file structure00.csv (CSV, C-alpha atoms)
chain,number,residue,atom,x,y,z
X,1,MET,CA,-14.9,-2.8,-41.4
X,2,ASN,CA,-13.0,-1.6,-38.3
X,3,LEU,CA,-12.0,2.0,-37.4
X,4,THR,CA,-8.8,0.8,-35.7
X,5,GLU,CA,-6.8,0.3,-38.9
X,6,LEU,CA,-8.4,3.4,-40.4
X,7,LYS,CA,-7.1,5.5,-37.5
X,8,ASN,CA,-3.7,3.7,-37.6
X,9,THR,CA,-3.1,4.2,-41.3
X,10,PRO,CA,-1.5,7.4,-42.6
X,11,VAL,CA,-2.6,9.9,-45.2
X,12,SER,CA,-1.7,7.4,-48.0
X,13,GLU,CA,-5.0,5.7,-47.2
X,14,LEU,CA,-6.7,9.1,-47.2
X,15,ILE,CA,-5.5,9.9,-50.8
X,16,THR,CA,-6.2,6.3,-52.0
X,17,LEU,CA,-9.8,6.3,-50.8
X,18,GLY,CA,-10.2,9.9,-52.1
X,19,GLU,CA,-9.2,8.7,-55.6
X,20,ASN,CA,-11.2,5.5,-55.3
X,21,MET,CA,-14.5,6.5,-53.8
X,22,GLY,CA,-14.5,9.9,-55.7
X,23,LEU,CA,-14.9,12.2,-52.7
X,24,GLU,CA,-15.0,15.9,-53.6
X,25,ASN,CA,-12.0,16.7,-51.3
X,26,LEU,CA,-10.2,15.3,-48.3
X,27,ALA,CA,-7.2,17.5,-47.9
X,28,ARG,CA,-7.8,20.7,-45.9
X,29,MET,CA,-9.8,19.5,-42.8
X,30,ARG,CA,-9.2,17.6,-39.6
X,31,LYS,CA,-8.3,13.9,-39.8
X,32,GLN,CA,-11.2,13.0,-37.5
X,33,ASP,CA,-13.6,14.7,-40.0
X,34,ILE,CA,-12.0,12.8,-42.8
X,35,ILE,CA,-12.4,9.5,-41.0
X,36,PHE,CA,-16.1,10.4,-40.3
X,37,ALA,CA,-16.7,11.2,-44.0
X,38,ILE,CA,-15.0,8.1,-45.3
X,39,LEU,CA,-16.8,5.8,-42.8
X,40,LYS,CA,-20.1,7.5,-43.7
X,41,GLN,CA,-19.6,6.9,-47.4
X,42,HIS,CA,-18.6,3.3,-46.7
X,43,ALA,CA,-21.6,2.6,-44.5
X,44,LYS,CA,-24.1,4.3,-46.8
X,45,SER,CA,-24.1,1.1,-48.8
X,46,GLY,CA,-25.6,-0.7,-45.8
X,47,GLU,CA,-22.7,-3.1,-45.0
X,48,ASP,CA,-22.2,-4.1,-41.4
X,49,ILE,CA,-19.6,-1.9,-39.6
X,50,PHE,CA,-17.7,-2.7,-36.5
X,51,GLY,CA,-16.5,-0.5,-33.7
X,52,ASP,CA,-14.2,-0.7,-30.7
X,53,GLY,CA,-13.0,1.6,-27.9
X,54,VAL,CA,-13.2,2.7,-24.3
X,55,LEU,CA,-16.6,3.8,-22.9
X,56,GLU,CA,-17.2,6.7,-20.4
X,57,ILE,CA,-20.3,8.2,-18.8
X,58,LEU,CA,-20.8,12.0,-18.4
X,59,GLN,CA,-23.0,13.8,-15.8
X,60,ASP,CA,-26.2,12.9,-17.6
X,61,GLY,CA,-25.4,9.4,-18.8
X,62,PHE,CA,-24.6,10.6,-22.3
X,63,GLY,CA,-22.3,7.7,-23.0
X,64,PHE,CA,-19.2,8.5,-25.1
X,65,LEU,CA,-16.8,6.0,-26.6
X,66,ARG,CA,-13.2,7.2,-27.3
X,67,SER,CA,-10.2,5.5,-29.0
X,68,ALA,CA,-6.8,5.0,-27.5
X,69,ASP,CA,-5.1,5.7,-30.9
X,70,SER,CA,-6.3,9.4,-30.9
X,71,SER,CA,-5.4,10.0,-27.3
X,72,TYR,CA,-9.1,10.4,-26.4
X,73,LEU,CA,-10.1,13.5,-28.3
X,74,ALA,CA,-13.7,14.7,-28.2
X,75,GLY,CA,-14.0,14.4,-32.0
X,76,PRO,CA,-16.8,13.2,-34.3
X,77,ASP,CA,-15.3,9.7,-34.4
X,78,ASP,CA,-16.4,9.1,-30.8
X,79,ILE,CA,-19.3,6.6,-30.6
X,80,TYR,CA,-22.6,7.5,-28.9
X,81,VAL,CA,-23.9,5.2,-26.2
X,82,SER,CA,-27.4,5.7,-24.9
X,83,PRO,CA,-28.0,5.3,-21.2
X,84,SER,CA,-30.3,2.3,-22.0
X,85,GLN,CA,-27.2,0.3,-22.9
X,86,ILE,CA,-25.5,1.2,-19.6
X,87,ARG,CA,-28.6,0.3,-17.6
X,88,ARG,CA,-29.0,-3.0,-19.5
X,89,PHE,CA,-25.4,-4.1,-19.5
X,90,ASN,CA,-24.0,-2.4,-16.4
X,91,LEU,CA,-21.1,-0.9,-18.4
X,92,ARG,CA,-19.1,1.7,-16.4
X,93,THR,CA,-16.4,4.2,-17.3
X,94,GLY,CA,-13.2,2.8,-18.8
X,95,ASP,CA,-14.8,-0.4,-20.1
X,96,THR,CA,-13.5,-1.8,-23.3
X,97,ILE,CA,-16.5,-2.0,-25.6
X,98,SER,CA,-16.6,-3.7,-29.0
X,99,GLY,CA,-19.7,-4.2,-31.1
X,100,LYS,CA,-21.7,-3.3,-34.2
X,101,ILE,CA,-22.3,0.5,-34.5
X,102,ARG,CA,-25.4,2.2,-35.8
X,103,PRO,CA,-25.2,4.9,-38.6
X,104,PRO,CA,-26.8,8.2,-37.3
X,105,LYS,CA,-30.1,9.2,-38.8
X,106,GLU,CA,-31.5,12.7,-38.9
X,107,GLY,CA,-31.5,14.3,-35.4
X,108,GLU,CA,-28.2,13.0,-34.1
X,109,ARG,CA,-24.6,13.5,-35.2
X,110,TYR,CA,-22.6,10.8,-33.4
X,111,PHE,CA,-22.5,7.2,-34.3
X,112,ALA,CA,-24.5,4.9,-32.0
X,113,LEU,CA,-23.9,1.3,-30.9
X,114,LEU,CA,-26.3,-1.5,-31.9
X,115,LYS,CA,-24.9,-4.6,-30.3
X,116,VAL,CA,-21.9,-5.7,-28.1
X,117,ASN,CA,-19.9,-8.9,-28.4
X,118,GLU,CA,-16.8,-8.3,-26.2
X,119,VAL,CA,-16.5,-6.3,-22.9
X,120,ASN,CA,-13.1,-5.9,-21.3
X,121,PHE,CA,-11.8,-8.7,-23.6
X,122,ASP,CA,-14.5,-11.0,-22.3
X,123,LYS,CA,-18.1,-12.0,-22.9
X,124,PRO,CA,-20.4,-9.0,-22.2
X,125,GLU,CA,-22.7,-11.0,-19.8
X,126,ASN,CA,-19.7,-12.5,-18.0
X,127,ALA,CA,-18.5,-9.0,-17.1
X,128,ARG,CA,-21.7,-8.4,-15.2
X,129,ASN,CA,-20.5,-10.6,-12.4
X,130,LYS,CA,-17.3,-8.9,-11.5
X,131,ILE,CA,-15.7,-7.8,-8.3
X,132,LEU,CA,-15.1,-4.1,-7.6
X,133,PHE,CA,-11.6,-2.8,-7.6
X,134,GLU,CA,-12.1,-0.6,-4.6
X,135,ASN,CA,-13.6,-3.6,-2.7
X,136,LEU,CA,-10.5,-5.7,-3.4
X,137,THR,CA,-8.2,-6.0,-0.4
X,138,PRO,CA,-4.7,-4.7,-1.3
X,139,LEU,CA,-1.5,-6.5,-0.4
X,140,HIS,CA,2.3,-6.1,-0.5
X,141,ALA,CA,4.5,-6.7,-3.5
X,142,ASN,CA,5.1,-10.4,-4.2
X,143,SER,CA,6.0,-11.0,-7.8
X,144,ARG,CA,9.4,-9.4,-8.6
X,145,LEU,CA,9.5,-7.5,-11.9
X,146,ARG,CA,13.1,-7.7,-13.0
X,147,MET,CA,14.7,-4.9,-15.0
X,148,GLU,CA,17.4,-7.1,-16.4
X,149,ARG,CA,16.8,-8.2,-20.0
X,150,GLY,CA,19.8,-10.5,-20.2
X,151,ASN,CA,20.7,-9.7,-23.9
X,152,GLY,CA,23.7,-7.6,-22.9
X,153,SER,CA,22.8,-4.4,-24.9
X,154,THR,CA,24.3,-1.0,-24.3
X,155,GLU,CA,21.3,0.2,-22.3
X,156,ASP,CA,21.0,-3.2,-20.7
X,157,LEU,CA,23.8,-2.0,-18.6
X,158,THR,CA,21.5,0.9,-17.4
X,159,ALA,CA,18.8,-1.7,-16.8
X,160,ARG,CA,21.2,-3.7,-14.7
X,161,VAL,CA,22.0,-0.6,-12.8
X,162,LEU,CA,18.2,-0.2,-12.1
X,163,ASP,CA,18.1,-3.8,-10.9
X,164,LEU,CA,21.0,-3.1,-8.5
X,165,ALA,CA,19.4,0.1,-7.4
X,166,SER,CA,15.8,-0.9,-6.5
X,167,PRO,CA,13.8,-4.1,-7.1
X,168,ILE,CA,10.5,-3.7,-8.9
X,169,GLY,CA,7.4,-5.7,-8.0
X,170,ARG,CA,3.9,-6.3,-9.4
X,171,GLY,CA,1.4,-3.9,-8.0
X,172,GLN,CA,4.1,-1.5,-6.7
X,173,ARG,CA,4.1,2.3,-6.5
X,174,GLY,CA,7.1,4.2,-7.7
X,175,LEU,CA,8.1,7.8,-7.4
X,176,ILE,CA,11.1,9.2,-9.3
X,177,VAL,CA,12.8,12.4,-8.1
X,178,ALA,CA,14.0,13.7,-11.5
X,179,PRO,CA,15.2,17.3,-11.9
X,180,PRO,CA,15.4,18.5,-15.5
X,181,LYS,CA,18.2,17.6,-18.0
X,182,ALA,CA,18.4,14.3,-16.0
X,183,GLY,CA,18.3,12.0,-19.0
X,184,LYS,CA,15.1,10.5,-17.4
X,185,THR,CA,13.8,10.0,-20.9
X,186,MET,CA,16.5,7.4,-21.5
X,187,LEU,CA,15.6,5.6,-18.2
X,188,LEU,CA,11.9,5.6,-18.9
X,189,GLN,CA,12.5,4.3,-22.5
X,190,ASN,CA,14.6,1.5,-21.0
X,191,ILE,CA,11.8,0.7,-18.5
X,192,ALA,CA,9.2,0.5,-21.2
X,193,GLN,CA,11.4,-1.7,-23.4
X,194,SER,CA,12.2,-4.0,-20.4
X,195,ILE,CA,8.5,-4.3,-19.5
X,196,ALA,CA,7.6,-5.1,-23.1
X,197,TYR,CA,10.5,-7.6,-23.6
X,198,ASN,CA,11.0,-9.5,-20.3
X,199,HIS,CA,7.3,-9.8,-19.4
X,200,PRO,CA,5.0,-9.6,-22.4
X,201,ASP,CA,2.2,-11.1,-20.4
X,202,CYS,CA,1.5,-7.9,-18.4
X,203,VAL,CA,-0.4,-5.2,-20.3
X,204,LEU,CA,1.5,-1.9,-20.4
X,205,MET,CA,0.0,1.6,-20.6
X,206,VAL,CA,2.1,4.8,-20.5
X,207,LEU,CA,0.7,8.3,-19.8
X,208,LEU,CA,2.4,11.5,-20.7
X,209,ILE,CA,1.3,15.0,-19.6
X,210,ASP,CA,2.0,18.4,-21.3
M,4,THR,CA,1.6,-45.4,27.3
M,5,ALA,CA,3.4,-42.0,27.4
M,6,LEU,CA,6.4,-43.5,25.7
M,7,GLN,CA,4.2,-45.1,23.0
M,8,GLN,CA,2.4,-41.8,22.3
M,9,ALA,CA,5.7,-39.9,22.2
M,10,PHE,CA,7.1,-42.4,19.7
M,11,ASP,CA,3.8,-42.1,17.7
M,12,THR,CA,4.2,-38.3,17.6
M,13,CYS,CA,7.9,-38.8,16.6
M,14,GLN,CA,6.8,-41.0,13.7
M,15,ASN,CA,4.1,-38.4,12.8
M,16,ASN,CA,6.5,-35.5,12.5
M,17,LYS,CA,9.2,-37.7,10.8
M,18,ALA,CA,6.6,-38.7,8.1
M,19,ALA,CA,5.7,-35.0,7.8
M,20,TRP,CA,9.3,-34.2,7.2
M,21,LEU,CA,9.2,-37.0,4.6
M,22,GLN,CA,6.4,-35.5,2.6
M,23,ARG,CA,7.8,-32.0,2.7
M,24,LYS,CA,11.1,-33.6,1.5
M,25,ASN,CA,9.2,-35.0,-1.5
M,26,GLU,CA,7.8,-31.5,-2.2
M,27,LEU,CA,11.4,-30.2,-2.0
M,28,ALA,CA,12.6,-32.9,-4.5
M,29,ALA,CA,9.8,-31.8,-6.8
M,30,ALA,CA,10.9,-28.2,-6.3
M,31,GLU,CA,14.5,-28.7,-7.4
M,32,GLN,CA,13.6,-31.0,-10.2
M,33,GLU,CA,11.2,-28.5,-11.7
M,34,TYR,CA,13.9,-25.8,-11.0
M,35,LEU,CA,16.5,-27.7,-13.0
M,36,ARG,CA,14.0,-28.5,-15.8
M,37,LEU,CA,13.0,-24.8,-16.1
M,38,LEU,CA,16.5,-23.4,-15.8
M,39,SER,CA,17.8,-25.8,-18.4
M,40,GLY,CA,14.7,-25.0,-20.5
M,41,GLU,CA,13.6,-21.8,-22.2
M,42,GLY,CA,13.5,-19.3,-19.3
M,43,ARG,CA,12.5,-16.1,-21.0
M,44,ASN,CA,10.1,-15.0,-18.2
M,45,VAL,CA,12.1,-14.0,-15.0
M,46,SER,CA,9.1,-13.6,-12.6
M,47,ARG,CA,8.5,-17.3,-12.7
M,48,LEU,CA,12.1,-17.9,-11.7
M,49,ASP,CA,11.6,-15.3,-9.0
M,50,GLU,CA,8.8,-17.3,-7.3
M,51,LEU,CA,10.8,-20.5,-7.9
M,52,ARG,CA,13.5,-18.9,-5.8
M,53,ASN,CA,10.9,-17.8,-3.2
M,54,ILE,CA,9.3,-21.3,-2.8
M,55,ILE,CA,12.7,-23.1,-2.8
M,56,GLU,CA,14.0,-20.8,-0.1
M,57,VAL,CA,11.0,-21.1,2.1
M,58,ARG,CA,11.0,-24.9,1.6
M,59,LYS,CA,14.6,-25.2,2.6
M,60,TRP,CA,13.9,-23.2,5.7
M,61,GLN,CA,10.9,-25.5,6.4
M,62,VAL,CA,13.1,-28.6,6.1
M,63,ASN,CA,15.7,-27.0,8.3
M,64,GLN,CA,13.2,-26.5,11.1
M,65,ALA,CA,11.8,-29.9,10.4
M,66,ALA,CA,15.1,-31.5,11.0
M,67,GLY,CA,15.5,-29.4,14.1
M,68,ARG,CA,12.3,-30.5,15.8
M,69,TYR,CA,12.7,-34.0,14.6
M,70,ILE,CA,16.1,-34.2,16.4
M,71,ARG,CA,14.3,-32.6,19.4
M,72,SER,CA,11.6,-35.3,19.3
M,73,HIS,CA,14.1,-38.1,18.9
M,74,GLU,CA,16.0,-36.9,21.9
M,75,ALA,CA,12.8,-36.6,23.9
M,76,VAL,CA,11.6,-40.1,23.0
M,77,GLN,CA,15.0,-41.5,23.8
M,78,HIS,CA,15.2,-39.8,27.3
M,79,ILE,CA,11.6,-40.7,28.2
M,80,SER,CA,12.2,-44.4,27.6
M,81,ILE,CA,15.6,-44.1,29.3
M,82,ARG,CA,14.1,-42.6,32.5
M,83,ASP,CA,11.1,-45.0,32.5
M,84,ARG,CA,13.2,-48.2,32.3
M,85,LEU,CA,15.9,-46.7,34.5
M,86,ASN,CA,13.5,-45.9,37.4
M,87,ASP,CA,11.8,-49.3,36.9
M,88,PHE,CA,15.1,-51.1,37.3
M,89,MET,CA,16.3,-48.8,40.1
M,90,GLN,CA,13.1,-49.4,42.1
M,91,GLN,CA,13.3,-53.1,41.4
M,92,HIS,CA,16.9,-53.7,42.8
M,93,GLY,CA,17.9,-50.4,44.4
M,94,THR,CA,18.9,-51.7,47.8
M,95,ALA,CA,22.2,-53.3,46.6
M,96,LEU,CA,23.7,-50.2,44.9
M,97,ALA,CA,22.2,-48.0,47.6
M,98,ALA,CA,24.3,-49.9,50.2
M,99,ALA,CA,27.2,-50.0,47.8
M,100,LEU,CA,27.1,-46.1,47.7
M,101,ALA,CA,25.8,-45.8,51.3
M,102,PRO,CA,28.1,-43.1,52.7
M,103,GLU,CA,27.4,-40.6,49.9
M,104,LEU,CA,23.6,-40.9,50.2
M,105,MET,CA,23.7,-40.9,54.0
M,106,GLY,CA,25.7,-37.6,53.9
M,107,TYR,CA,23.2,-36.3,51.4
M,108,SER,CA,20.2,-37.1,53.5
M,109,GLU,CA,20.8,-35.7,57.0
M,110,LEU,CA,23.3,-32.8,56.4
M,111,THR,CA,22.9,-29.2,55.2
M,112,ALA,CA,22.4,-28.1,51.6
M,113,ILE,CA,26.1,-27.5,51.0
M,114,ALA,CA,26.9,-31.2,51.8
M,115,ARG,CA,23.8,-32.1,49.7
M,116,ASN,CA,25.3,-30.4,46.7
M,117,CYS,CA,28.8,-31.7,47.5
M,118,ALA,CA,27.9,-35.4,47.7
M,119,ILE,CA,26.5,-35.3,44.1
M,120,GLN,CA,29.8,-34.7,42.4
M,121,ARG,CA,31.5,-37.4,44.5
M,122,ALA,CA,28.8,-39.9,43.4
M,123,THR,CA,29.3,-38.6,39.9
M,124,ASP,CA,33.0,-39.3,39.9
M,125,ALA,CA,32.4,-42.8,41.4
M,126,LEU,CA,29.8,-43.6,38.7
M,127,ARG,CA,32.2,-42.2,36.0
M,128,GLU,CA,35.1,-44.4,37.1
M,129,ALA,CA,32.8,-47.5,37.4
M,130,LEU,CA,31.5,-46.9,33.9
M,131,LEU,CA,35.0,-46.3,32.4
M,132,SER,CA,36.2,-49.5,34.0
M,133,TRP,CA,33.3,-51.5,32.6
M,134,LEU,CA,33.3,-50.0,29.1
M,135,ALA,CA,37.0,-50.9,28.6
M,136,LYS,CA,35.8,-54.4,27.7
M,137,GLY,CA,33.8,-53.1,24.7
M,138,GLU,CA,31.2,-55.8,24.7
M,139,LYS,CA,28.0,-55.1,22.8
M,140,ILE,CA,24.7,-54.7,24.6
M,141,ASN,CA,21.1,-54.7,23.4
M,142,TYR,CA,18.1,-52.5,24.1
M,143,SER,CA,15.5,-53.3,26.7
M,144,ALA,CA,13.0,-55.9,25.5
M,145,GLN,CA,10.1,-53.6,26.3
M,146,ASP,CA,11.4,-51.0,23.9
M,147,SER,CA,14.0,-52.7,21.7
M,148,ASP,CA,11.7,-53.1,18.7
M,149,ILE,CA,10.6,-49.5,18.8
M,150,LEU,CA,14.2,-48.1,19.2
M,151,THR,CA,15.6,-50.3,16.4
M,152,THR,CA,13.2,-48.5,14.0
M,153,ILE,CA,14.5,-45.1,15.0
M,154,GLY,CA,18.0,-46.1,16.0
M,155,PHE,CA,20.3,-44.5,18.5
M,156,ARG,CA,21.4,-42.0,15.9
M,157,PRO,CA,19.0,-40.1,13.7
M,158,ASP,CA,19.0,-39.9,9.9
M,159,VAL,CA,22.1,-38.4,8.1
M,160,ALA,CA,19.8,-36.1,6.3
M,161,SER,CA,18.4,-34.8,9.6
M,162,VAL,CA,21.9,-33.9,10.7
M,163,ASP,CA,23.4,-32.5,7.5
M,164,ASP,CA,20.3,-30.3,7.1
M,165,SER,CA,20.9,-28.7,10.5
M,166,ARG,CA,24.4,-27.1,9.8
M,167,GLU,CA,22.9,-23.7,9.0
M,168,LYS,CA,21.3,-21.6,11.7
M,169,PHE,CA,19.2,-18.5,11.0
M,170,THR,CA,18.7,-15.3,13.0
M,171,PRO,CA,15.4,-15.0,14.9
M,172,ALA,CA,14.4,-12.1,12.5
M,173,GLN,CA,15.1,-14.5,9.6
M,174,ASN,CA,13.0,-17.1,11.4
M,175,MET,CA,10.1,-14.6,11.6
M,176,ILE,CA,10.4,-13.6,8.0
M,177,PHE,CA,10.6,-17.2,6.8
M,178,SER,CA,7.6,-18.1,8.9
M,179,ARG,CA,5.8,-15.2,7.2
M,180,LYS,CA,7.0,-16.6,3.9
M,181,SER,CA,5.5,-20.0,4.8
M,182,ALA,CA,2.2,-18.3,5.8
M,183,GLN,CA,2.0,-16.4,2.5
M,184,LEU,CA,2.9,-19.5,0.5
M,185,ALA,CA,0.1,-21.4,2.3
M,186,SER,CA,-2.2,-18.6,1.3
M,187,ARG,CA,-1.0,-18.8,-2.3
M,188,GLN,CA,-1.6,-22.6,-2.3
M,189,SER,CA,-5.1,-22.1,-0.9
M,190,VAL,CA,-5.9,-19.8,-3.9

call {"tool": "encode", "arguments": {"input": "structure00.csv", "output": "structure tokens"}}
result
Amino acid sequence: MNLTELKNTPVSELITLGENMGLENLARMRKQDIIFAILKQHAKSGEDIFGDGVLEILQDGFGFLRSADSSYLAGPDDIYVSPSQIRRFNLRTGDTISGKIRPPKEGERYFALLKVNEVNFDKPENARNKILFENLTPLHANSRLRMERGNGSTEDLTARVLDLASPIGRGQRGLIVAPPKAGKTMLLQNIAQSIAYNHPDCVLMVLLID
Amino acid sequence: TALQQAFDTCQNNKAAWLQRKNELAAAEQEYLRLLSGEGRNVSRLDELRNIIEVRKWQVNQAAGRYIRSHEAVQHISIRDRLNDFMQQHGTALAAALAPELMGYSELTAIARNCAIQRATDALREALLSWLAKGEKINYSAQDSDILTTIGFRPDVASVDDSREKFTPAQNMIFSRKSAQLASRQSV
């Protein structure tokens, strides 16, 4: 089983598993605790359980593994990663880690990681021989990232205005001077839609603060 | 062998223009195939535009220095065979144009620069009188075979690719485009 679809699914899965597995209750507590409880009662049978997420290292090497679905809460669903795994696989912060996870015995509370089969969407040993991002020499913008979808939608006109205003390139650095009540939400929604539609090859991540 | 090596260099850069013309032809054929095809991604079209533009600038400058090399190899042979002939039988036409050269030799610089246009007009009228016949003449046997390969006039492509002229800033930016394209092709 994988925790990705368990985190994606709504409370309907919660109630169905509550009435199937016969849990004493699942209603009045945090969703992370519910996921922990259901995964514990699923793994108590001894079946193999999978895990995926993003790994990070704290000040003492106490490796944590968070999930992008939950916006990286420090909840019980985070996967423990011992410093031995880091020192044996050279996994740094932000690495995409997928592997078999270990049920916690008495003494620890977070789930550990047994094995690994995919690091950064690649073979774990292949990721050992990688070039550092800071060591890479930067360059100018070369590949144009057009805002025009070409489908002639209502906000495709706004996209065309953005095209006529400022070209966008791969590896660029954009700053928007947006006072409040600007409608900037509409423009950023159009930008995200155009990035997803015109160029599905590039991987898109969006970050929002407060 | 200066004429021979000049013609060899002319052949070299002409052939170089030929291969980059073949990469051009490849560029517009793949352009047409991808434009008539399923062009969902626009970035690929973007670099298609970039390479076709830098390639057309490259063939423009190729035609430019090919015309320059053709003119140079024409004039080097012209002056070589001309001075050979003029040293071979110069006395007759020297005596035929004796007053002008005599005034050139032993008078001041102003007369030196004033005899040249008189000689120019005399040569012009002589050539105009001769060329009214319109008889065809052949190249010098020492260089006829070489010049027939290149011809008196260059290729029609070489002259219709040279209509457009770019600003020196545009020349700099397109040379930079050529350098970055070479770097891309290296990778």

call {"tool": "closest_residue", "arguments": {"input": "structure00.csv", "among": "X:82, X:117, X:98, X:151", "to": "chain M", "atoms": "all atoms listed in the file"}}
result
X:151

call {"tool": "residues_around", "arguments": {"input": "structure00.csv", "residues": "segment 183-187 of chain X", "least_positions_apart": "2", "cutoff": "12 Å", "atoms": "all atoms listed in the file", "output": "list in words"}}
result
residues 147, 154, 155, 156, 157, 158, 159, 160, 161, 162, 176, 177, 178, 179, 180, 181, 189, 190, 191, 192, 193, 194 and 208 of chain X

call {"tool": "write_last_selection", "arguments": {"input": "structure00.csv", "atoms": "C-alpha atoms", "output": "JSON list (two decimals), keeping the file's coordinate frame"}}
result
[["chain", "number", "residue", "atom", "x", "y", "z"],
["X", 147, "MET", "CA", 14.70, -4.90, -15.00],
["X", 154, "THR", "CA", 24.30, -1.00, -24.30],
["X", 155, "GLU", "CA", 21.30, 0.20, -22.30],
["X", 156, "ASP", "CA", 21.00, -3.20, -20.70],
["X", 157, "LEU", "CA", 23.80, -2.00, -18.60],
["X", 158, "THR", "CA", 21.50, 0.90, -17.40],
["X", 159, "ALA", "CA", 18.80, -1.70, -16.80],
["X", 160, "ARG", "CA", 21.20, -3.70, -14.70],
["X", 161, "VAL", "CA", 22.00, -0.60, -12.80],
["X", 162, "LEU", "CA", 18.20, -0.20, -12.10],
["X", 176, "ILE", "CA", 11.10, 9.20, -9.30],
["X", 177, "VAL", "CA", 12.80, 12.40, -8.10],
["X", 178, "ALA", "CA", 14.00, 13.70, -11.50],
["X", 179, "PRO", "CA", 15.20, 17.30, -11.90],
["X", 180, "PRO", "CA", 15.40, 18.50, -15.50],
["X", 181, "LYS", "CA", 18.20, 17.60, -18.00],
["X", 189, "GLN", "CA", 12.50, 4.30, -22.50],
["X", 190, "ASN", "CA", 14.60, 1.50, -21.00],
["X", 191, "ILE", "CA", 11.80, 0.70, -18.50],
["X", 192, "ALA", "CA", 9.20, 0.50, -21.20],
["X", 193, "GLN", "CA", 11.40, -1.70, -23.40],
["X", 194, "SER", "CA", 12.20, -4.00, -20.40],
["X", 208, "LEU", "CA", 2.40, 11.50, -20.70]]

call {"tool": "interface_residues", "arguments": {"input": "structure00.csv", "of": "chain M", "to": "chain X", "cutoff": "8 Å", "atoms": "all atoms listed in the file", "output": "list in words"}}
result
residues 43, 44, 45, 46, 49 and 50 of chain M

call {"tool": "residues_around", "arguments": {"input": "structure00.csv", "residues": "residue 185 of chain M", "least_positions_apart": "6", "cutoff": "12 Å", "atoms": "all atoms listed in the file", "output": "list in words"}}
result
residues 54, 57, 58, 178 and 179 of chain M

call {"tool": "residues_around", "arguments": {"input": "structure00.csv", "residues": "residue 61 of chain X", "least_positions_apart": "6", "cutoff": "9 Å", "atoms": "all atoms listed in the file", "output": "PDB file with C-alpha atoms, in the coordinates of the input"}}
result
ATOM      1  CA  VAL X  81     -23.900   5.200 -26.200  1.00  0.00           C
ATOM      2  CA  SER X  82     -27.400   5.700 -24.900  1.00  0.00           C
ATOM      3  CA  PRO X  83     -28.000   5.300 -21.200  1.00  0.00           C
ATOM      4  CA  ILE X  86     -25.500   1.200 -19.600  1.00  0.00           C
TER       5      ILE X  86
END

call {"tool": "residues_around", "arguments": {"input": "structure00.csv", "residues": "residue 172 of chain X", "least_positions_apart": "4", "cutoff": "9 Å", "atoms": "only C-alpha atoms", "output": "number ranges by chain"}}
result
X: 140-141, 168

call {"tool": "residues_around", "arguments": {"input": "structure00.csv", "residues": "residue 106 of chain M", "least_positions_apart": "3", "cutoff": "12 Å", "atoms": "all atoms listed in the file", "output": "number ranges by chain"}}
result
M: 100-103, 109-119, 121-122

call {"tool": "closest_residue", "arguments": {"input": "structure00.csv", "among": "M:145, M:151, M:169, M:65", "to": "residue 87 of chain M", "atoms": "only C-alpha atoms"}}
result
M:145

call {"tool": "atom_distance", "arguments": {"input": "structure00.csv", "atom1": "atom CA of residue 129 of chain X", "atom2": "atom CA of residue 68 of chain X"}}
result
25.7 Å

call {"tool": "decode", "arguments": {"input": "structure00.csv", "residues": "segment 6-13 of chain X", "atoms": "N, CA, C and O atoms", "output": "CSV table (one decimal), in the first residue's frame"}}
result
chain,number,residue,atom,x,y,z
X,6,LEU,N,-3.8,7.5,0.2
X,6,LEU,CA,-4.5,7.6,1.5
X,6,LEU,C,-4.6,9.1,1.9
X,6,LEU,O,-5.5,9.5,2.6
X,7,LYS,N,-3.5,9.9,1.6
X,7,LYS,CA,-3.6,11.3,1.9
X,7,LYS,C,-4.5,12.0,0.9
X,7,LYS,O,-5.1,13.0,1.3
X,8,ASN,N,-4.5,11.6,-0.3
X,8,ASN,CA,-5.3,12.3,-1.3
X,8,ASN,C,-6.8,12.1,-1.0
X,8,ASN,O,-7.6,13.1,-1.2
X,9,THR,N,-7.2,10.9,-0.6
X,9,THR,CA,-8.6,10.6,-0.5
X,9,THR,C,-9.3,11.4,0.6
X,9,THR,O,-8.7,11.7,1.6
X,10,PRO,N,-10.6,11.7,0.4
X,10,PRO,CA,-11.3,12.4,1.5
X,10,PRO,C,-11.9,11.6,2.6
X,10,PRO,O,-11.5,10.4,2.7
X,11,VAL,N,-12.7,12.2,3.5
X,11,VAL,CA,-13.2,11.5,4.7
X,11,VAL,C,-14.1,10.3,4.3
X,11,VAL,O,-14.4,9.5,5.2
X,12,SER,N,-14.5,10.1,3.1
X,12,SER,CA,-15.2,8.9,2.7
X,12,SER,C,-14.4,7.7,2.9
X,12,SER,O,-14.9,6.7,3.4
X,13,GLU,N,-13.1,7.7,2.5
X,13,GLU,CA,-12.2,6.6,2.8
X,13,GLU,C,-12.1,6.4,4.3
X,13,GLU,O,-12.1,5.3,4.8
